[PDB]
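Supplied in structure tokens, the structure appears directly below.
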Amino acid sequence: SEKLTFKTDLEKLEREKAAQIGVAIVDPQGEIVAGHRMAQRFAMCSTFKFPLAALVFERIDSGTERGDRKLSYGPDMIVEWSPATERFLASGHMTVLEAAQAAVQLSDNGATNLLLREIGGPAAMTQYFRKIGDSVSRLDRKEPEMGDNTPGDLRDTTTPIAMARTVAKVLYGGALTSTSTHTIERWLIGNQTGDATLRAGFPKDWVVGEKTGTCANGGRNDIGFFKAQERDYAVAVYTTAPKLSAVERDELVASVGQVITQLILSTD
Ligand SMILES: *C(=O)[C@H]([C@@H](C)O)[C@H]1CC(SCCNC=N)=C(C(=O)O)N1
Ligand code: NA
């Protein structure tokens, strides 16, 4: 059984790395391909920035937001890990689209907060999840405190299956116009923060786009999509490994990518 091998190999990683590994792989309609701890809650950390960009694109599509609108700010908006926001600070603004692209591709925290200050805060992010049929994911705080990942805390959490289904809805389920869908996919493919994580464990000819997270208490996450030949999949990986070094956590997620690959290749 290929799925048994998948389970066994993930459990071996968990045992040997003292880790918990949550995975869900779904088809474009949200049908389950495979998973592990798929309905256990994990901190979303920065992975929520992909749904945040989807919310922004939905508003742009609808006309309730404009991509070129300038969002002014001062140094009050700079928080830890805000590389683009810092570079644009002297100019005094970033556009909605600039901020969204920095949030997705650099995991820029200041840019994320700038967009949260606009779209209606964590309450509004959570309402977007509900609107697209995700009753599980919840944002309660802004960056970087939303990544505190206190054990057992249900604030700022999702489950692998809820998030994978949200990704599928956004990319394949008609949440966005064809243009906006294509754009967000290109942003995920061109992500600058994921070279050592999930995509490092996939075949080099798969088209892969993803959004990473790194948070306190050993959280290391990666969500997105992959196309294996003509077959599209949405995937969410959430891991907790407090005893591993940062480099080892990257390698753990890459290893999960390999386990996913073995399953997909072996099931034809
Ligand atoms: C998201 O998961 C966090 C946020 C909670 O702060 C950001 C920070 C990082 S890693 C920090 C070091 N980065 C570059 N030197 C990420 C990430 O995506 O890995 N997201
Ligand atoms: Na200020």
Side-chain angles (χ1 to χ4, degrees), residues 22 41-53 70-94 99-118 121-122 125 137-151 153 155-158 160 163 166-167 184 187-201 208-224 235-242 244-254 256-257:
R41 274 69 63 90
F42 290 82
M44 285 189 294
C45 311
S46 297
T47 64
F48 98 93
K49 297 169 188 177
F50 169 21
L52 176 59
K70 302 182 177 67
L71 306 180
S72 290
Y73 63 95
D76 60 288
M77 293 301 287
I78 307 300
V79 296
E80 66 162 21
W81 191 248
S82 297
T85 311
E86 286 170 335
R87 292 174 187 126
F88 284 109
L89 179 66
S91 81
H93 74 271
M94 280 182 306
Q101 195 176 344
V104 173
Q105 298 194 314
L106 295 176
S107 215
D108 188 310
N109 281 328
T112 298
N113 289 345
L114 192 66
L115 292 169
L116 293 174
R117 192 164 69 174
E118 291 309 303
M125 181 73 250
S137 305
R138 54 182 291 180
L139 188 70
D140 295 271
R141 293 169 292 184
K142 69 181 194 305
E143 299 290 0
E145 55 264 31
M146 65 83 61
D148 285 353
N149 192 21
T150 304
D153 192 350
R155 288 179 301 176
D156 303 298
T157 60
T158 189
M163 188 57 77
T166 285
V167 171
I184 206 170
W187 286 6
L188 290 169
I189 295 165
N191 177 33
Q192 303 183 222
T193 65
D195 293 347
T197 49
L198 264 185
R199 74 202 288 160
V208 185
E210 43 64 55
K211 175 77 198 77
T212 53
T214 307
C215 55
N217 300 320
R220 197 71 169 100
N221 314 145
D222 213 348
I223 72 168
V235 59
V237 175
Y238 288 91
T239 78
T240 311
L244 296 185
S245 69
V247 170
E248 291 169 334
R249 294 173 183 132
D250 289 352
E251 293 172 342
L252 176 62
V253 180
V256 173

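Indexing begins at 1, ligand by ligand and atom by atom, following the structure's order. Numbers for residues simply follow the sequence, beginning at 1. Worth knowing before you read on, the calculation uses all heavy atoms, side chains too, and leaves out hydrogens, waters and symmetry mates.
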>> Please give me the protein atoms (N, O or S only) lying under 3.0 Å from the Na ion (ligand 2), ordered by chain and number.
In response: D76 OD1

>> My understanding is that only residues two or more places apart in sequence, or in another chain, count here; which of them pass salt bridge (charged side-chain N to carboxylate O under 4.0 Å, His left out) with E210?
In response: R199

>> Would you say that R141 contacts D148 through its side chain, given a criterion of any heavy-atom pair below 4.5 Å between the two side chains?
In response: yes

> Do any N or O atoms from the side chain of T85 and from the backbone of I78 form a donor-acceptor pair under 3.5 angstrom?
Replying inline: no

Run through all N or O atoms in ligand 1 and write down each protein N or O closer than 3.5 Å, as a pair with its distance.
{"residue": "ligand 1", "atom": "2 (O)", "partner": "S46", "partner atom": "N", "Å": "2.8"}
{"residue": "ligand 1", "atom": "2 (O)", "partner": "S46", "partner atom": "OG", "Å": "2.3"}
{"residue": "ligand 1", "atom": "2 (O)", "partner": "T214", "partner atom": "N", "Å": "2.9"}
{"residue": "ligand 1", "atom": "2 (O)", "partner": "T214", "partner atom": "O", "Å": "3.2"}
{"residue": "ligand 1", "atom": "6 (O)", "partner": "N109", "partner atom": "ND2", "Å": "2.9"}
{"residue": "ligand 1", "atom": "18 (O)", "partner": "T212", "partner atom": "O", "Å": "3.4"}
{"residue": "ligand 1", "atom": "18 (O)", "partner": "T212", "partner atom": "OG1", "Å": "2.6"}
{"residue": "ligand 1", "atom": "19 (O)", "partner": "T214", "partner atom": "OG1", "Å": "2.8"}
{"residue": "ligand 1", "atom": "20 (N)", "partner": "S46", "partner atom": "OG", "Å": "2.9"}
{"residue": "ligand 1", "atom": "20 (N)", "partner": "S107", "partner atom": "OG", "Å": "2.9"}

> Have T112 and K142 got a donor and an acceptor in their side chains that come within less than 3.5 Å?
Replying inline: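 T112 vs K142: no donor-acceptor pair found between side chains.
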
Name every donor-acceptor pair, under 3.5 Å, that has one atom in a side chain of residues 86-94 and the other anywhere in the protein, sequence neighbours excluded.
{"residue": "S91", "atom": "OG", "partner": "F88", "partner atom": "O", "Å": "2.7"}
{"residue": "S91", "atom": "OG", "partner": "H93", "partner atom": "O", "Å": "3.3"}

> What heavy-atom pair brings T193 and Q105 nearest, and what distance separates the two atoms?
Replying inline: CG2-O, 3.6 Å

> Is there a donor-acceptor contact under 3.5 Å from the side chain of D222 to the main chain of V237?
Replying inline: no

>> Looking at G213, is its backbone amide N or carbonyl O close enough to the side chain of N221 to form a donor-acceptor pair, meaning the two atoms are under 3.5 Å apart?
In response: no

> Are any side-chain N or O atoms of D156 and backbone N or O atoms of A43, one a donor and one an acceptor, separated by less than 3.5 Å?
Replying inline: no

